[PDB]
Structures are given as C-alpha cells and as structure tokens.
Amino acid sequence: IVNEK
Amino acid sequence: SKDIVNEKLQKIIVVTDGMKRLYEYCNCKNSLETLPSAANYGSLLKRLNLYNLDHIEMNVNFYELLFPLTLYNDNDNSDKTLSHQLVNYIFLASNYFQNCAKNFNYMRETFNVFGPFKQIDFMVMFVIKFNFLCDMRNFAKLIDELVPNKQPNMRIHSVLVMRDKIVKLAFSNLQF
Amino acid sequence: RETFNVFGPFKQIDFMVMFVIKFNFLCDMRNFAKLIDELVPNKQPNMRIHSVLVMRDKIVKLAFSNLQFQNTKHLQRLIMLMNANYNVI
Amino acid sequence: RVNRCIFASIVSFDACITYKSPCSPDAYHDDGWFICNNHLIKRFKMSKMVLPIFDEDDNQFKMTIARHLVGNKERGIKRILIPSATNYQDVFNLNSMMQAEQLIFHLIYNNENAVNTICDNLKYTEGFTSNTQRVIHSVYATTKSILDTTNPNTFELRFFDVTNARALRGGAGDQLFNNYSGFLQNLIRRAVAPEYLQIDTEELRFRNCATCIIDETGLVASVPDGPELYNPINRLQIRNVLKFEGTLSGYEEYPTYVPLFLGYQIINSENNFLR
Amino acid sequence: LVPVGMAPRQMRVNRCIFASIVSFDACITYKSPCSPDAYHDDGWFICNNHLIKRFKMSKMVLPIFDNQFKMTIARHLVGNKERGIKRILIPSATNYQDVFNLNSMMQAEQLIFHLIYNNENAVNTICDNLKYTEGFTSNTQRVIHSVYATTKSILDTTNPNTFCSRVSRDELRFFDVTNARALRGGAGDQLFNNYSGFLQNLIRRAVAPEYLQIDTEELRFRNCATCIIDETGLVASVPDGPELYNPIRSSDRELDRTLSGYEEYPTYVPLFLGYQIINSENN
Ligand SMILES: [Zn+2]
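### A word on helix α5 (residues 128–150) of chain D
Residue and element names in this part refer to chain D.
Phase 1: Along its 23 residues, α5 runs 31 Å from first to last C-alpha, staying within 8% of the 33 Å computed at 1.5 Å per residue.
Phase 2: Every buried residue belonging to α5 is among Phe 128, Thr 132, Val 135, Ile 136, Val 139, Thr 143, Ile 146, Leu 147 and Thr 150, and all of these are buried.
Phase 3: On the buried face of α5, the contacting elements are α3 (99–108), α4 (112–122) and α7 (182–191).

Pasting the structure below:
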C-alpha cells in the first residue's frame, strides 16, 4: 500500500 | 494537565488490556531485549493480515508514550533504584526503537519470509509497537500505582528529551 | 544454589541445582530434537560437528570438575537421562 | 608541585618500619585523578590510559580511561575492582597493610568507626603522644582535604548502569555510585569511559558492548555475559649466557587490553566544550 | 651462460595480486602503488596500499599467549557515517562487480577481480576483447598472459591449502556472530563457503574470532562482534545497533599538560567475529 494513504 | 497524563496512563493500560483480546495477541512474554523476530509472531502476523494496516504512524511519539510513567511517588524516598530503573527502561526503549529503525529493512525481509504481503511495511511497525506495549504493560505490573497529580523531575525529562531526539531522527530517516 | 535454597534448606540441594540445570537444558534439547526429527540421521556423526562437540565438552567437563559439590521409577529414568546414559528406557 | 599521591601520605609511625612510598610521578599532574598511577595499579588493579575522541586539527577531546589488570580466570573478590563500603574491608587485606593506609581506606569509605578504632589502637604506641598523634593528624588532614576536594557538595548526566541490555530490570549501579564517596565517584568517572557519548543530539559509540560491571559488590572487571575477556600481562647467570651469535615483524600491534568501557554520557546543547 | 641448467633461483617475491597491474597500452607507461609490506612472506596476499584502497581495511597484529604468538588481524577504515554500499568491507561474488567500479579502473585490474572472484565468463570476455583489441600479438598478448599467469599462480598456491583448511579437523573456524541469539549473523559460514578459496584465505587473515579455544583454554578477545557477513559480503556494521565511531585520525592546553607522556588507547576498530578452535599450537 503506497497510494491508499 | 498532568492529571490528563495520569488519565493517559490508565487509558493505555486499559486499552492494551482491550486490544490484546479484541485481537487476542498478548505476545506478553517478549521484551525490548533486542530486535524482535517474526518467529514469535507468525500466527499474530496471520491475524494482522486480516486488517488493513496503513493506519499507522511511521514515527513513534516516544515522549508522550513514556512520559506518563514518569509520574510516580518518588517522594517515598525509599526506592531511588526505582527511578534508576525507570531511566534504564527509557534508555533501553530508545535503543530498541533506534535498532528497529536502523534494521527496519531487515525486519522487512523477515516478515517477507513470514507472510509475504504488501502490508508488511506496516506489519513490521505493528509488531514493534505491540511488543513494546506488552513490555509497557509488564513494566506497569512491576511498578505500583503511585501516580501523583503532578511531579517534576529534570533529570528524567532531560534523558527523555535527548534519547527521543535520536529516536525521532532515526524514524524520520525511514525514507521511501 | 542459594536462589534455589530460598525455597528451603532441601536435603539434596546440590543434586537439585544440577537437576534443574539439566532439566532446563533438556527442554531445549527436546526442542532441537523435534526440529530435527523429520531429518534423516547418518550412520556416523558429521566429523566437523563431532570435533566441535568434543572440544566444547573438554571445557564443560573442566569447569564442572573444578566445581566440586555435595519414588524411583521415573526418578531413575530421568536421572539416567541426566547422566547421559542413553541406555535409559 | 602538589603531590596528589593519595596512599603516599603514609608515614611509618613505627620507628623500626620505613615506608619507601615508591609510587608514580604523575601525582604531580593537575589532572582529574586524585590517585596516581602506581597507587591505582597496586590498590585497584587499574592502569591509567587516555582515549582521544576528536583529534583532527585542534579539537583534542581526550577522555581518560583506566585498564583492567584482571585476567580471565579471577573471580569474586579477585575480580572486584572498586569494592563497596560493605565489602571493601574484606576485599582489601587491611590487616596486611600499614595502619595509615587502613585509615585512608576507612576515610574513603566513611568507616569512621574503623578510624576511631585505629586511633584508639595507636593510643598505645610507645611514642604515641610524641609523634604517633602527629602522624595521625597529618594523614587524617591530608585525606580529609582530598575527600572534600573530590566531593562536589563541599564549599553531569553520566549513567553507568544505563547501558546494560539483557538485564532483567533495575540498574541501581548508579544507585551504588551515588552511595559512594565523592572521591570514589570521581575515581569512577575518571577511569570508566561511558560506552556511548551523546552531544547535542549526536551519539558516538565506542564499544559494541560494555566491559565493566557494577553491582552491590562494587565495580567488577567482569563481562555482561559469557566468559571473561582475555587479558594477558641483572645478576649475570649461567643461563643468561647466550648461544652462538646466530613473524609479523613489519606490522604494528593492537593492544590486548581491556579498557574500562561502561556507561552513557549525555551532553546538552553545549557544543564541543574545550576549556 | 652463468646459472646452472634451470636450477630455479631463490629470491623475494612481491605478494600482493594488484602489483601486476600494468597498462595494456604499451605506449602508456604506468606504475602501480605498492606498499613495501607486499614483500613480506606472510599470509597476506595484498599489500597495505591495495587493501586500504579497495577494501577499506588496514592490517594489524594481535599478540597471543607464554610464547607470544602474533595473530594477523585487519581493522576498519570505515567511518561512522558511511552507509549502504559504503559499508561493504569486502563485496561478495554477487556484488563485487558493482561495489568495485570496473569501468573506472584498468582492464588488468578488472581481470584480476574477475579471477579472484570466480567469474570465468568475465575473464573470457576480457581475454577475447584483448585478443581483438590493439596490437594484441606484438606485446599486449604477452603482458596479458603474464598477468593472468601471476594471478593464477597465486590462486593455485592459495586454494589447495584453503580447501585442506576447510576439511581440516584440527583447525576449525566459524565466521558468524557468536551471539547466536542475534539476527545480523545468519549463515555466515555458508556465505564464507560461497566465497572463493583465496577470498576465504583473505577473510581468515583479516577477521579475528571473538573467541579462540586452544586445546582446553579459551580466550575471549571481545564480548561483541565488530563486523558481520551477509549476502553482500563482509560488512563493517554493528550487529546490534549504532555504528562504532571511527575517528580516522590520520591517512585519508591544560588537557595536554596533564596528558603528557601517558598511555593512550587507540580508537581503531579491529575485526572480531566468529568462533575459532585449534588443537595444540601448530605454530
Ligand atoms: Zn602492492
């Protein structure tokens, strides 16, 4: 997870 | 104020008690002796994988996490080794966090072996923090509920400041 | 021995300390044996590991010889295990 | 030429006894030591040394440090370096040393009862009032002056038990350090080097593991765990005649020493303080 | 002629492999910098200069004893703040090509590296390129063959003894973190095995063991490990946490009044790692 943040 | 901090201490005790069974982990045998290993969390990692783990902070508020413990009846004037024990505890916590940050990648491969999932970047930190909090609960058990409303201690506060500065810098260095 | 004596002036306290040490040791030995049960032993020991074992046993024996010291079925079985008499049954 | 050679302020009050006092010159060095090298070696099994920290251009931080004189076989009393007040009388063979030295040790450890006993015993020396009391006064005054000088309370963030990983809990080595006298505390600071040095949020590690141990028995040249560190050391005779006149010789040697490495030193916003 | 028929003469021999570096362009004269230590008949097959330049390592002696035995040992030149690839004290066969900048250095040294590290493909590539590059036949071919022969002679001297040491019973060495309760040690022995025979000999000559059991006596030189080994190779890293401060005081008033002639402890960081065992002295 590198974009859901 | 420091009354709110006492509330924080009681809340962290109760909230640890809460999640250690809401998610039934209590890896309460472990401590801050050295870098944690996935070999003691395999099943705990499986249970963690059931949840999205991005809701975690890269840095650790070592200050606010440990300050409540500083509030205790040091005025008893019977166990200054208690204060020295607290100093040892805080310093070893800082070292534990520093080593975790320095070798965070190494733990990343460890948990790649154990449950190779995208959420490992958060699982590493969750293992770190949860083992740390189990150690905090054990330390609370060791100490007595002698928390005053307010207590000044320059030496302990200075140790906190200087060690946590290193801790925060190390955590910040976790680039990506 | 003093830490164990905290729980009482037991008659055979020295034997008790030795037994506790060997028992804590046997726990991890059973752990290793479980870890290795699936694997196939060789007819003869690995020579390098054997040399290491002999060399370390030298030091262990030296230390425990320098430190001189002072209800039967299971007792004797476990004691034979402790004394490493693998003929135990 | 102030001679700070504590344990050289010893006078053989007995006429038949002559005290050589063959002790090290460095006592005349206005350093942080209050005991010079030979006294240190004899009565604490320590050898003075210095550890440079910053030595580039003119920054010359040279932290002092002493070395173990204890092999890897000694244990218990044999290994204790600086005994506690509870056990120093046992570790040191006070009866085998001169009563003046015993008085010095008793003053250092605040054994006023032993001091009174020693002076009471000296009361019954033949030339007691003539010169024994003068010797008592001289030695006692010198020792008291040294002790007061060492004590900071008279008219900083160095922690010695705060390095020990794998320890269950407690530390308390700093507790015993506090319990020690000002002279003993200054000696420990002067000889023992904190394994870590933090300056204004800048940590330097000198060892990967502390070498000394501090507990109720005192300061011990022991290891945090495992076995002890290896620590080695004309009258013309017939054998002295040599036979007929006739291998890393080209490389330097790393000392086989065990310097006193233990503790964490924390320094606040203060910069590279060189005064 | 003067000398007896054949009769191999006896003289000193430069031992560092890198001494053979020479410009393949005969029209370009080159001299490699060699420390005189290279002419000592010792276990070291690299001179101090090449060692420091390529591996960031400096030789050193460790007295051992009644009879004072001198055990070879190297020490870190790695600073405290160096990170990542900089911490690779000796790269592994899977990383040396990257750690060492083959492009930036001479072809002869690249061949030397591809020989030390068992890279036959790279060695063959270099050989063929030199065959089809420049006046190979005239003198470049002979120079290349001379360099290759020297390197192969050194390797043939080392590897048999290295293999005999590997299978040796009397002498045993284990390059890992003696603190088995650690994670940065790993299968250090397996990695050491992965290394070439000559590289294994270099590692033995450089890294001293944390402990040393001679017959029945054990000497503990450290309560900790000053370096580690991983897939990358020999890493100048602290296995447990913060890096050791390495002032690097040289090479690349009241305080002194008190600190006149006065024993001083060096700040160097020697290489201590693993367990070593020996029967008798063998010295
Ligand atoms: Zn050379």
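So, next bit.
### Examining the coordination of the zinc ion
Residue and element names in this part refer to chain E.
Phase 1: Note on the zinc ion: its protein donors are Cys 16 (SG), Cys 34 (SG), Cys 47 (SG) and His 50 (NE2). The metal-donor distances range over 2.0 to 2.3 Å.
Phase 2: If you look at the zinc ion, its 4 donor atoms make angles of 82 to 151° with each other, and the shape they trace is irregular.
Phase 3: Of the residues examined, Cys 34 reaches a relative accessible area of 25% and is grouped as partly exposed.
Phase 4: For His 50, a relative accessible area of 6% translates into the label buried.

### Here we look at the state of the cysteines
All names here are of chain B.
Phase 1: Under the definition given, this model contains 1 disulfide over all chains.
Phase 2: Two residues share a disulfide in this structure: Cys 26 and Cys 28, whose sulfurs sit 2.0 Å from each other. Since a negative S-S torsion denotes a left-handed disulfide, the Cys 26-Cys 28 link at about -140° is left-handed.
Phase 3: Among the residues examined, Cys 26 registers a relative accessible area of 24% and is labelled partly exposed.

### Some remarks on the sheet that holds strand β8 (residues 218–220) of chain D
Residues and elements named next belong to chain D.
Phase 1: Spatial strand order, β3-β8-β7: 3 strands in an open sheet with antiparallel pairing. A single partner strand is all that each edge strand has here, and the edge strands are β3 (80–83) and β7 (213–215). Within the sheet, the average angular offset between the axes of one strand and its neighbour, ignoring direction, is 20°.
Phase 2: By the bridge criterion, 3 bridges tie β3 to β8 in an arrangement that is antiparallel. Bridging from a neighbouring strand, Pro 83 pairs with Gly 218 of β8.

### Remarks on the nonpolar core
Phase 1: Counting 81 residues, the largest nonpolar core has D:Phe44 and D:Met46 as its most contacted members.
Phase 2: One finds B:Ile56, B:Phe62, B:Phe91 and D:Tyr196 within the second-largest nonpolar core, a separate group that totals 60 residues.

### Description of the interface of chain C and chain E
Phase 1: Taken together, the contacts link 10 residues of chain C with 14 residues of chain E.
Phase 2: For the pairing of chain C and chain E, the buried interface totals around 1,000 Å² over both sides, and the portion due to carbon and sulfur atoms is 57%.
Phase 3: For the interface between chain C and chain E, the tally reads 1 salt bridge.
Phase 4: With a shortest N-O distance of 3.1 Å, E:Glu218 and C:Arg56 are connected by a salt bridge.
Phase 5: Between the two partners, chain C and chain E, sit 7 residue pairs in polar contact.
Phase 6: For the side of chain C that touches chain E, the per-class residue count stands at 5 nonpolar, 2 polar and 3 charged.

Criteria and thresholds
Residues numbered from 1 in each chain as written, not as in the entry; some residues may be left out. Chains lettered and ligands numbered in written order. Part of a larger assembly, values for the part shown. Heavy atoms only, no water. Helix = DSSP H or I, 4+ residues; strand = E, 2+ residues; numbered from the N terminus. Expected span 1.5 Å × (residues − 1). Buried < 20%, exposed > 50% of the residue type's maximum accessible area, 1.4 Å probe, protein only. Contact = heavy atoms within 4.5 Å. Donors = N, O, S within 2.8 Å, 3.2 Å for Na, K, Ca; no water. Tetrahedral: all angles 85-135°; square planar, octahedral: opposite > 155°, others 65-115°. Disulfide = S-S within 2.5 Å. Pairing = 2+ DSSP bridges. Axes fitted to C-alpha atoms, helices over the stretch in contact; angles between N-to-C directions. Core = buried A, V, L, I, M, F, W, Y, C linked by side-chain atoms within 4.5 Å. Buried area = accessible area lost by both parts, 1.4 Å probe. Salt bridge = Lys/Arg side-chain N within 4 Å of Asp/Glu carboxyl O. Polar contact = N/O pair within 3.5 Å; in protein donor to acceptor, adjacent residues only side chain to side chain. Nonpolar A, V, L, I, M, F, W, Y, C, P; charged D, E, K, R; others polar.

Any functional reading would require information beyond the geometric quantities listed.
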